[PDB]
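Pasted below: coords01.cif, mmCIF, C-alpha atoms and all ligand atoms.
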data_structure
loop_
_atom_site.label_atom_id
_atom_site.label_comp_id
_atom_site.auth_asym_id
_atom_site.auth_seq_id
_atom_site.Cartn_x
_atom_site.Cartn_y
_atom_site.Cartn_z
CA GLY A 458 3.40 -8.09 -12.85
CA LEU A 459 1.87 -11.32 -11.37
CA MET A 460 5.36 -12.55 -10.16
CA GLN A 461 5.42 -12.48 -6.31
CA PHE A 462 8.50 -13.39 -4.26
CA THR A 463 7.57 -16.08 -1.66
CA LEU A 464 9.71 -17.18 1.30
CA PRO A 465 9.84 -20.48 3.17
CA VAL A 466 7.11 -20.62 5.89
CA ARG A 467 9.49 -19.85 8.84
CA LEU A 468 10.89 -16.73 7.01
CA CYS A 469 7.39 -15.70 5.77
CA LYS A 470 6.27 -15.54 9.49
CA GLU A 471 9.43 -14.29 11.31
CA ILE A 472 10.26 -11.52 8.70
CA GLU A 473 7.18 -9.61 10.08
CA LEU A 474 8.74 -9.53 13.61
CA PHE A 475 11.18 -6.71 14.62
CA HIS A 476 13.80 -9.26 15.92
CA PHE A 477 14.09 -11.25 12.62
CA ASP A 478 17.69 -12.16 11.62
CA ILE A 479 18.16 -12.40 7.77
CA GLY A 480 20.42 -15.51 8.16
CA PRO A 481 23.87 -16.52 6.78
CA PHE A 482 22.67 -17.25 3.18
CA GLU A 483 23.78 -14.09 1.26
CA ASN A 484 22.06 -15.27 -1.99
CA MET A 485 18.64 -15.02 -0.24
CA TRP A 486 19.09 -11.33 0.89
CA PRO A 487 18.06 -9.69 -2.47
CA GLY A 488 14.86 -11.81 -2.48
CA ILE A 489 14.17 -10.87 1.20
CA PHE A 490 14.51 -7.13 0.28
CA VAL A 491 12.25 -7.43 -2.85
CA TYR A 492 9.70 -9.40 -0.74
CA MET A 493 9.69 -6.48 1.77
CA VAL A 494 9.33 -3.79 -1.00
CA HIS A 495 6.36 -5.73 -2.55
CA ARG A 496 4.48 -6.06 0.83
CA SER A 497 5.41 -2.52 2.12
CA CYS A 498 4.94 -0.58 -1.13
CA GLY A 499 3.24 -2.85 -3.73
CA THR A 500 4.30 -5.11 -6.69
CA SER A 501 3.98 -1.93 -8.92
CA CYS A 502 6.26 0.52 -6.92
CA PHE A 503 9.33 -0.38 -9.07
CA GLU A 504 10.02 -2.17 -12.40
CA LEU A 505 11.27 -5.61 -11.17
CA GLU A 506 14.00 -5.67 -13.96
CA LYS A 507 15.29 -2.21 -12.74
CA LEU A 508 14.90 -2.98 -8.96
CA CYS A 509 16.92 -6.25 -9.34
CA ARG A 510 19.66 -4.37 -11.25
CA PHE A 511 19.71 -1.54 -8.60
CA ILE A 512 19.94 -4.05 -5.64
CA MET A 513 22.94 -5.88 -7.26
CA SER A 514 24.80 -2.61 -8.06
CA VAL A 515 24.18 -1.55 -4.41
CA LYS A 516 25.47 -4.96 -3.18
CA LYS A 517 28.59 -4.57 -5.40
CA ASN A 518 29.38 -1.11 -3.85
CA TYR A 519 29.35 -2.40 -0.20
CA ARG A 520 32.81 -3.69 0.85
CA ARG A 521 34.02 -6.83 2.72
CA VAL A 522 34.43 -5.11 6.13
CA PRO A 523 33.47 -6.93 9.35
CA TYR A 524 30.28 -4.91 10.15
CA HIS A 525 29.49 -1.99 7.69
CA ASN A 526 28.72 -4.51 4.89
CA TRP A 527 25.85 -5.69 2.65
CA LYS A 528 24.35 -7.78 5.56
CA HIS A 529 24.09 -4.56 7.68
CA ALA A 530 22.37 -2.76 4.75
CA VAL A 531 19.67 -5.47 4.42
CA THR A 532 19.33 -5.82 8.25
CA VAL A 533 18.75 -2.01 8.58
CA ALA A 534 16.17 -2.15 5.68
CA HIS A 535 14.31 -5.05 7.40
CA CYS A 536 13.91 -2.97 10.67
CA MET A 537 12.44 -0.10 8.55
CA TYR A 538 10.12 -2.67 6.87
CA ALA A 539 8.90 -3.74 10.37
CA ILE A 540 8.37 -0.09 11.53
CA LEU A 541 6.47 0.76 8.27
CA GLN A 542 4.31 -2.43 8.41
CA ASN A 543 3.34 -1.76 12.10
CA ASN A 544 2.46 1.95 11.30
CA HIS A 545 0.48 1.37 8.04
CA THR A 546 -1.46 4.67 7.74
CA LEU A 547 1.21 7.15 9.10
CA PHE A 548 3.43 7.15 5.94
CA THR A 549 2.91 8.39 2.36
CA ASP A 550 3.42 6.17 -0.76
CA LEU A 551 6.64 8.20 -1.53
CA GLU A 552 7.96 7.79 2.07
CA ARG A 553 7.56 3.95 1.98
CA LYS A 554 9.39 3.81 -1.45
CA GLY A 555 12.19 6.18 -0.32
CA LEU A 556 12.96 4.88 3.22
CA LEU A 557 13.58 1.16 2.28
CA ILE A 558 15.92 2.33 -0.53
CA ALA A 559 17.52 4.84 1.94
CA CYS A 560 18.17 2.03 4.48
CA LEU A 561 19.64 -0.26 1.77
CA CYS A 562 21.99 2.57 0.57
CA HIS A 563 22.74 4.30 3.93
CA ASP A 564 26.31 2.88 4.38
CA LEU A 565 27.28 2.52 0.64
CA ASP A 566 31.09 2.19 0.08
CA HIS A 567 31.86 2.25 3.84
CA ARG A 568 35.55 1.52 4.52
CA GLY A 569 35.02 0.44 8.19
CA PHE A 570 36.37 3.78 9.60
CA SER A 571 34.64 6.68 11.48
CA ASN A 572 34.32 10.32 10.29
CA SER A 573 36.99 11.10 13.01
CA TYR A 574 39.57 8.73 11.45
CA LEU A 575 39.02 10.21 7.91
CA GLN A 576 39.66 13.75 9.35
CA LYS A 577 42.83 12.76 11.33
CA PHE A 578 44.14 10.74 8.33
CA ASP A 579 43.31 13.84 6.16
CA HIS A 580 41.37 11.63 3.66
CA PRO A 581 40.15 13.43 0.50
CA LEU A 582 36.45 12.79 1.50
CA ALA A 583 37.10 14.94 4.67
CA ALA A 584 38.13 17.91 2.38
CA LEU A 585 35.06 17.36 0.12
CA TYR A 586 32.59 17.05 3.14
CA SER A 587 33.62 18.77 6.44
CA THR A 588 30.66 17.25 8.41
CA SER A 589 28.80 13.90 8.20
CA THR A 590 31.72 12.93 5.86
CA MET A 591 30.86 9.25 5.23
CA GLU A 592 27.08 10.01 5.18
CA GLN A 593 27.43 12.64 2.39
CA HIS A 594 29.57 10.03 0.49
CA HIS A 595 26.81 7.35 1.02
CA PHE A 596 24.18 9.71 -0.49
CA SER A 597 26.55 10.69 -3.36
CA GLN A 598 27.09 6.90 -4.07
CA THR A 599 23.25 6.33 -4.02
CA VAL A 600 22.69 9.11 -6.68
CA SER A 601 25.57 7.69 -8.87
CA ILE A 602 24.01 4.18 -8.89
CA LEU A 603 20.52 5.69 -9.59
CA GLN A 604 22.08 7.35 -12.73
CA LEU A 605 23.59 4.10 -14.19
CA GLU A 606 21.67 3.15 -17.43
CA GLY A 607 18.71 0.85 -16.49
CA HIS A 608 19.09 1.59 -12.69
CA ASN A 609 16.58 4.49 -12.23
CA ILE A 610 13.86 2.67 -10.19
CA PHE A 611 12.13 6.10 -9.72
CA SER A 612 11.89 6.86 -13.53
CA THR A 613 8.01 6.60 -13.49
CA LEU A 614 7.61 9.27 -10.69
CA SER A 615 6.65 12.83 -11.82
CA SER A 616 9.49 15.45 -11.72
CA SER A 617 8.31 16.82 -8.28
CA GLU A 618 7.68 13.35 -6.73
CA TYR A 619 11.24 12.43 -7.92
CA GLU A 620 12.77 15.56 -6.27
CA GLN A 621 10.77 14.75 -3.05
CA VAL A 622 11.91 11.07 -2.88
CA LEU A 623 15.63 12.04 -3.38
CA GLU A 624 15.19 14.71 -0.65
CA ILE A 625 13.67 12.03 1.74
CA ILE A 626 16.63 9.64 0.97
CA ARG A 627 19.23 12.47 1.47
CA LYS A 628 17.82 13.51 4.91
CA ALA A 629 17.34 9.80 5.87
CA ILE A 630 21.01 8.95 5.13
CA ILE A 631 22.49 12.15 6.70
CA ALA A 632 20.46 11.35 9.90
CA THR A 633 22.37 7.99 10.30
CA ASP A 634 25.30 10.24 11.40
CA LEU A 635 25.13 9.40 15.16
CA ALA A 636 26.72 12.84 16.03
CA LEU A 637 23.36 14.40 14.84
CA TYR A 638 21.12 11.87 16.71
CA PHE A 639 21.57 13.40 20.23
CA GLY A 640 20.24 16.86 19.22
CA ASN A 641 17.48 15.37 17.02
CA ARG A 642 16.11 13.20 19.88
CA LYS A 643 16.31 16.10 22.47
CA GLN A 644 14.19 18.27 20.11
CA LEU A 645 11.75 15.37 19.49
CA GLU A 646 11.58 14.77 23.30
CA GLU A 647 10.75 18.49 23.99
CA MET A 648 8.05 18.53 21.21
CA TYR A 649 6.36 15.29 22.43
CA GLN A 650 6.31 16.43 26.15
CA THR A 651 5.20 20.10 25.53
CA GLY A 652 2.63 18.65 23.02
CA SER A 653 3.91 20.69 19.98
CA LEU A 654 4.76 17.52 17.89
CA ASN A 655 2.77 17.73 14.57
CA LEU A 656 3.22 15.05 11.82
CA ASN A 657 1.62 17.39 9.18
CA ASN A 658 4.66 19.65 9.84
CA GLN A 659 7.32 18.59 7.24
CA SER A 660 10.21 19.65 9.61
CA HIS A 661 8.65 17.46 12.39
CA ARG A 662 8.22 14.44 10.00
CA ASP A 663 11.88 14.94 8.95
CA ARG A 664 12.91 14.64 12.66
CA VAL A 665 10.70 11.52 13.17
CA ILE A 666 12.14 9.89 9.99
CA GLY A 667 15.64 10.77 11.35
CA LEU A 668 14.90 8.92 14.65
CA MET A 669 13.48 5.93 12.66
CA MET A 670 16.84 5.86 10.73
CA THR A 671 18.85 5.86 14.01
CA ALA A 672 16.53 3.09 15.41
CA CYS A 673 16.98 0.88 12.25
CA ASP A 674 20.74 1.60 12.14
CA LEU A 675 21.15 0.44 15.81
CA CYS A 676 18.71 -2.55 15.48
CA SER A 677 21.47 -5.13 16.26
CA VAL A 678 20.74 -4.19 19.97
CA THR A 679 17.05 -5.30 19.46
CA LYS A 680 17.74 -8.92 18.27
CA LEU A 681 17.83 -12.13 20.35
CA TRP A 682 20.87 -12.13 22.70
CA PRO A 683 23.04 -14.54 20.62
CA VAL A 684 22.62 -12.32 17.44
CA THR A 685 23.34 -9.12 19.49
CA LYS A 686 26.43 -10.70 21.14
CA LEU A 687 27.95 -12.02 17.86
CA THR A 688 27.27 -8.71 16.00
CA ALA A 689 29.19 -6.87 18.83
CA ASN A 690 32.32 -8.88 17.73
CA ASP A 691 31.94 -7.48 14.16
CA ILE A 692 31.43 -3.93 15.52
CA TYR A 693 34.54 -4.08 17.79
CA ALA A 694 36.60 -5.77 14.98
CA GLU A 695 36.21 -2.54 12.91
CA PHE A 696 36.73 -0.18 15.92
CA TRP A 697 39.97 -1.97 16.99
CA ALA A 698 41.31 -1.91 13.35
CA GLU A 699 40.58 1.89 13.45
CA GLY A 700 42.37 1.97 16.85
CA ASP A 701 45.37 0.21 15.24
CA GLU A 702 45.37 2.87 12.43
CA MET A 703 45.14 5.73 15.00
CA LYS A 704 48.28 4.25 16.74
CA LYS A 705 50.01 4.18 13.28
CA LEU A 706 49.25 7.97 12.98
CA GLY A 707 50.92 8.29 16.49
CA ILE A 708 47.54 9.05 18.25
CA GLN A 709 46.29 6.93 21.22
CA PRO A 710 42.74 5.83 20.29
CA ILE A 711 39.75 6.19 22.67
CA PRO A 712 39.43 2.99 24.82
CA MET A 713 36.45 1.87 22.59
CA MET A 714 38.92 1.35 19.65
CA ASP A 715 41.93 0.09 21.71
CA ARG A 716 42.04 -3.75 21.47
CA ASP A 717 44.30 -3.65 24.61
CA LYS A 718 41.09 -2.68 26.57
CA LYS A 719 38.83 -5.63 25.34
CA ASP A 720 38.02 -6.32 29.06
CA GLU A 721 35.94 -3.04 29.33
CA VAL A 722 33.54 -3.97 26.41
CA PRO A 723 30.62 -5.08 28.65
CA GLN A 724 30.82 -1.72 30.54
CA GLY A 725 31.21 0.12 27.17
CA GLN A 726 28.04 -1.60 25.85
CA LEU A 727 26.15 -0.62 29.11
CA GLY A 728 27.06 3.10 28.60
CA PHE A 729 25.96 2.87 24.93
CA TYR A 730 22.53 1.27 25.76
CA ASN A 731 21.98 3.95 28.53
CA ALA A 732 23.41 6.94 26.56
CA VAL A 733 22.10 6.09 23.01
CA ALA A 734 19.99 2.92 22.39
CA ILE A 735 17.42 3.10 25.31
CA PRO A 736 16.70 6.84 24.84
CA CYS A 737 16.40 6.27 21.03
CA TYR A 738 13.77 3.45 21.19
CA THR A 739 11.99 5.14 24.21
CA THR A 740 11.36 8.43 22.27
CA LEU A 741 10.50 6.28 19.18
CA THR A 742 7.96 4.24 21.26
CA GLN A 743 6.36 7.53 22.52
CA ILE A 744 5.93 8.85 18.90
CA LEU A 745 5.03 5.43 17.32
CA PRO A 746 3.51 3.12 19.97
CA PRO A 747 3.62 -0.07 17.83
CA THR A 748 7.52 0.07 17.81
CA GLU A 749 7.51 -0.90 21.55
CA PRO A 750 8.96 -4.41 20.85
CA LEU A 751 12.28 -2.67 19.83
CA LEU A 752 12.41 -0.93 23.28
CA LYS A 753 11.50 -4.23 25.05
CA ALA A 754 14.21 -6.18 23.09
CA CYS A 755 16.79 -3.39 23.78
CA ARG A 756 15.99 -3.52 27.56
CA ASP A 757 16.32 -7.37 27.53
CA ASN A 758 19.79 -6.98 25.91
CA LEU A 759 20.78 -4.23 28.44
CA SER A 760 20.03 -6.87 31.14
CA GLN A 761 22.18 -9.55 29.33
CA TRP A 762 25.18 -7.10 29.36
CA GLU A 763 24.55 -6.51 33.10
CA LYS A 764 24.75 -10.34 33.59
CA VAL A 765 28.05 -10.44 31.60
CA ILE A 766 29.62 -7.81 33.98
CA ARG A 767 28.41 -9.71 37.13
CA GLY A 768 30.40 -12.70 35.72
CA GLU A 769 27.17 -14.78 35.16
CA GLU A 770 28.32 -15.05 31.44
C1 LIG T 1 29.71 3.34 19.32
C2 LIG T 1 29.17 1.97 19.52
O1 LIG T 1 28.07 1.60 18.74
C3 LIG T 1 27.82 0.26 19.15
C4 LIG T 1 26.72 -0.39 18.52
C5 LIG T 1 26.27 -1.59 19.07
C6 LIG T 1 25.19 -2.23 18.47
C7 LIG T 1 24.55 -1.66 17.36
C8 LIG T 1 25.02 -0.44 16.83
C9 LIG T 1 26.11 0.21 17.41
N1 LIG T 1 28.65 -0.20 20.09
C10 LIG T 1 29.51 0.85 20.33
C11 LIG T 1 30.58 0.73 21.35
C12 LIG T 1 30.03 1.26 22.68
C13 LIG T 1 31.20 1.56 23.55
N2 LIG T 1 32.12 0.65 23.94
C14 LIG T 1 33.07 1.33 24.69
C15 LIG T 1 34.26 0.65 25.17
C16 LIG T 1 34.49 -0.68 24.81
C17 LIG T 1 35.63 -1.35 25.26
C18 LIG T 1 36.55 -0.69 26.09
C19 LIG T 1 36.30 0.63 26.46
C20 LIG T 1 35.17 1.31 26.01
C21 LIG T 1 32.67 2.70 24.83
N3 LIG T 1 31.49 2.83 24.07
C22 LIG T 1 30.69 4.01 23.86
MG MG T 2 26.80 4.88 8.65
ZN ZN T 3 24.65 1.78 9.30
#
Let me see whether you can do it: turn the structure in this file into structure tokens.
Amino acid sequence: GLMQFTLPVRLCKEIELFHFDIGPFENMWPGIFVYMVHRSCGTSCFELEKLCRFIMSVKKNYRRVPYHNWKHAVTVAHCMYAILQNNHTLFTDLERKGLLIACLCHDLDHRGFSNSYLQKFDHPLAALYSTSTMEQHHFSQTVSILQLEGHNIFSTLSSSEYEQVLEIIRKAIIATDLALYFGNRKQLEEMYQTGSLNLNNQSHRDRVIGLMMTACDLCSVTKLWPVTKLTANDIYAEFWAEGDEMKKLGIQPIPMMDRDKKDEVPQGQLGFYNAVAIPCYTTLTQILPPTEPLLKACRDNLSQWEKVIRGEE
């Protein structure tokens, strides 16, 4: 009960900032996550013995893919930690518990391929789940791990609290399907502008939590330039492998996944910041003003990609 996790002074300070990088020491990532749960939620939210066993089963069920790996999971959880810490009073006890676990589990058992590739391959998961294929799998994998003996970190919730937290995690993980982000942000934009946005409205909260999930999931665009630039290599290393597999199925991939079109990456990143990232963190900043540093970091990175195109790097 009286056993805190403590971090070295530089990590203790920088972990509070949106742009924190969790570093190349894998063995420290479980401690970083527990640290965040204790500060965000309390030292009582979870049985430490059970939380530790859950974290390591979750780690074990992420694969050794270039980007959609255990580091991504912890990175996405840290961004949620930063949003929750900067918006103390806006979130319930249950929401704080659920969303950090959701972020940790949101890409469980990812194979480094898109929903599109699963469908064109005719993968069994695409028969089991016709939309948000990988995201329904990620939620399924979360529930499985929660049902391992000694792994139910929610055991001490009431029946109804338990059903609510699993329903928060399910919506949170489904919302990381980027195909659903565009419609969710349009709706949130309309509600904010016409003044109808109401955080006591469960369907409105759901939408806001969905945008938070997209913002945390894309947070590589909100880091210092060198982190953003090196993550982009991991992201394209998966896409190009998927492009290779499309060619094997006798389908030309979209340029994004065709390693023959490496040259057009800087322009591809521009389109993505303008079409997805900037609108995401803009609408998020409108709804939750203290998340503005994510928009400011994203804009700084948009400018770095502009410099790359102009041949200044
Ligand atoms: C889908 C996506 O998500 C992220 C990402 C980045 C940082 C965090 C999370 C996600 N980057 C991308 C690639 C963006 C993109 N590149 C191209 C392109 C690239 C090369 C050649 C031709 C086209 C098109 N488009 C849309
Ligand atoms: Mg995902
Ligand atoms: Zn993700």
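With all atoms listed in the file as the atoms that count, the residue of A:756, A:529, A:554, A:719 with the shortest distance to ligand LIG 1 (chain T) is A:719.
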Neighbours of range 573-582 of chain A within 8 Å (only C-alpha atoms; same-chain residues fewer than 4 positions away dropped), as a ChimeraX atom specification? /A:586,590-591,594,699,703,706
Just checking: using only C-alpha atoms and all ligand atoms, which residue out of A:547, A:464, A:558, A:673 ends up closest to ligand MG 2 (chain T)?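 Of A:547, A:464, A:558, A:673, the one nearest ligand MG 2 (chain T), counting only C-alpha atoms and all ligand atoms, is A:673.
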Ranking A:616, A:653, A:726, A:501 by minimum distance to ligand LIG 1 (chain T) and counting only C-alpha atoms and all ligand atoms, which one comes first?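 Closest to ligand LIG 1 (chain T), using only C-alpha atoms and all ligand atoms: A:726.
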Can you tell me which residues come within 10 Å of ligand ZN 3 (chain T) when counting all atoms listed in the file, ideally as a list in words?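 After applying the 10 Å limit, what remains is residues 524, 525, 526, 529, 530, 532, 533, 560, 561, 562, 563, 564, 565, 567, 592, 630, 633, 634, 635, 670, 671, 673, 674, 675 and 676 of chain A.
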Mind dumping the selected residues with C-alpha atoms as a short mmCIF file (atom, residue, chain, number, x, y, z; two decimals), in the frame of the given file?
data_model
loop_
_atom_site.label_atom_id
_atom_site.label_comp_id
_atom_site.auth_asym_id
_atom_site.auth_seq_id
_atom_site.Cartn_x
_atom_site.Cartn_y
_atom_site.Cartn_z
CA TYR A 524 30.28 -4.91 10.15
CA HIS A 525 29.49 -1.99 7.69
CA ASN A 526 28.72 -4.51 4.89
CA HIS A 529 24.09 -4.56 7.68
CA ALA A 530 22.37 -2.76 4.75
CA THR A 532 19.33 -5.82 8.25
CA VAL A 533 18.75 -2.01 8.58
CA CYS A 560 18.17 2.03 4.48
CA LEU A 561 19.64 -0.26 1.77
CA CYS A 562 21.99 2.57 0.57
CA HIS A 563 22.74 4.30 3.93
CA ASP A 564 26.31 2.88 4.38
CA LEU A 565 27.28 2.52 0.64
CA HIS A 567 31.86 2.25 3.84
CA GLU A 592 27.08 10.01 5.18
CA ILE A 630 21.01 8.95 5.13
CA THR A 633 22.37 7.99 10.30
CA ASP A 634 25.30 10.24 11.40
CA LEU A 635 25.13 9.40 15.16
CA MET A 670 16.84 5.86 10.73
CA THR A 671 18.85 5.86 14.01
CA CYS A 673 16.98 0.88 12.25
CA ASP A 674 20.74 1.60 12.14
CA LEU A 675 21.15 0.44 15.81
CA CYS A 676 18.71 -2.55 15.48
#
Å distance separating CA of residue 718 in chain A from CA of residue 523 in chain A, one decimal place: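 Going from CA of residue 718 in chain A over to CA of residue 523 in chain A, I get 19.3 Å.
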Since the input has fewer atoms than a full residue there, write range 516-535 of chain A out with N, CA and C atoms, as an mmCIF file, in the coordinates of the input.
data_model
loop_
_atom_site.group_PDB
_atom_site.id
_atom_site.type_symbol
_atom_site.label_atom_id
_atom_site.label_comp_id
_atom_site.auth_asym_id
_atom_site.auth_seq_id
_atom_site.Cartn_x
_atom_site.Cartn_y
_atom_site.Cartn_z
ATOM 1 N N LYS A 516 24.687 -3.874 -3.826
ATOM 2 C CA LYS A 516 25.470 -4.960 -3.180
ATOM 3 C C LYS A 516 26.952 -4.806 -3.574
ATOM 4 N N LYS A 517 27.210 -4.628 -4.861
ATOM 5 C CA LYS A 517 28.590 -4.570 -5.400
ATOM 6 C C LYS A 517 29.351 -3.419 -4.750
ATOM 7 N N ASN A 518 28.692 -2.333 -4.349
ATOM 8 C CA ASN A 518 29.380 -1.110 -3.850
ATOM 9 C C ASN A 518 29.485 -1.102 -2.317
ATOM 10 N N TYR A 519 28.972 -2.115 -1.613
ATOM 11 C CA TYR A 519 29.350 -2.400 -0.200
ATOM 12 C C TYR A 519 30.617 -3.250 -0.196
ATOM 13 N N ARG A 520 31.488 -3.053 0.778
ATOM 14 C CA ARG A 520 32.810 -3.690 0.850
ATOM 15 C C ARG A 520 32.773 -4.848 1.845
ATOM 16 N N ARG A 521 33.854 -5.625 1.873
ATOM 17 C CA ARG A 521 34.020 -6.830 2.720
ATOM 18 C C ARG A 521 34.680 -6.400 4.022
ATOM 19 N N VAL A 522 33.980 -5.588 4.796
ATOM 20 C CA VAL A 522 34.430 -5.110 6.130
ATOM 21 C C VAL A 522 33.635 -5.918 7.142
ATOM 22 N N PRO A 523 34.098 -6.021 8.401
ATOM 23 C CA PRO A 523 33.470 -6.930 9.350
ATOM 24 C C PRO A 523 31.999 -6.616 9.686
ATOM 25 N N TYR A 524 31.613 -5.343 9.666
ATOM 26 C CA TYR A 524 30.280 -4.910 10.150
ATOM 27 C C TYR A 524 29.533 -4.046 9.127
ATOM 28 N N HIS A 525 30.134 -2.959 8.625
ATOM 29 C CA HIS A 525 29.490 -1.990 7.690
ATOM 30 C C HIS A 525 29.436 -2.550 6.259
ATOM 31 N N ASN A 526 28.745 -3.662 6.101
ATOM 32 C CA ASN A 526 28.720 -4.510 4.890
ATOM 33 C C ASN A 526 27.285 -4.655 4.394
ATOM 34 N N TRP A 527 27.141 -5.413 3.314
ATOM 35 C CA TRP A 527 25.850 -5.690 2.650
ATOM 36 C C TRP A 527 24.850 -6.295 3.646
ATOM 37 N N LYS A 528 25.261 -7.216 4.517
ATOM 38 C CA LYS A 528 24.350 -7.780 5.560
ATOM 39 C C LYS A 528 23.757 -6.666 6.435
ATOM 40 N N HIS A 529 24.567 -5.707 6.875
ATOM 41 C CA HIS A 529 24.090 -4.560 7.680
ATOM 42 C C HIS A 529 23.010 -3.793 6.914
ATOM 43 N N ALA A 530 23.269 -3.517 5.639
ATOM 44 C CA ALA A 530 22.370 -2.760 4.750
ATOM 45 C C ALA A 530 20.990 -3.414 4.773
ATOM 46 N N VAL A 531 20.949 -4.733 4.573
ATOM 47 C CA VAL A 531 19.670 -5.470 4.420
ATOM 48 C C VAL A 531 19.003 -5.553 5.796
ATOM 49 N N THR A 532 19.796 -5.778 6.840
ATOM 50 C CA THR A 532 19.330 -5.820 8.250
ATOM 51 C C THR A 532 18.647 -4.485 8.577
ATOM 52 N N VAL A 533 19.288 -3.368 8.258
ATOM 53 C CA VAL A 533 18.750 -2.010 8.580
ATOM 54 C C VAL A 533 17.455 -1.793 7.774
ATOM 55 N N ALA A 534 17.391 -2.233 6.512
ATOM 56 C CA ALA A 534 16.170 -2.150 5.680
ATOM 57 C C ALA A 534 15.047 -2.995 6.301
ATOM 58 N N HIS A 535 15.357 -4.183 6.810
ATOM 59 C CA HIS A 535 14.310 -5.050 7.400
ATOM 60 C C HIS A 535 13.675 -4.349 8.623
#
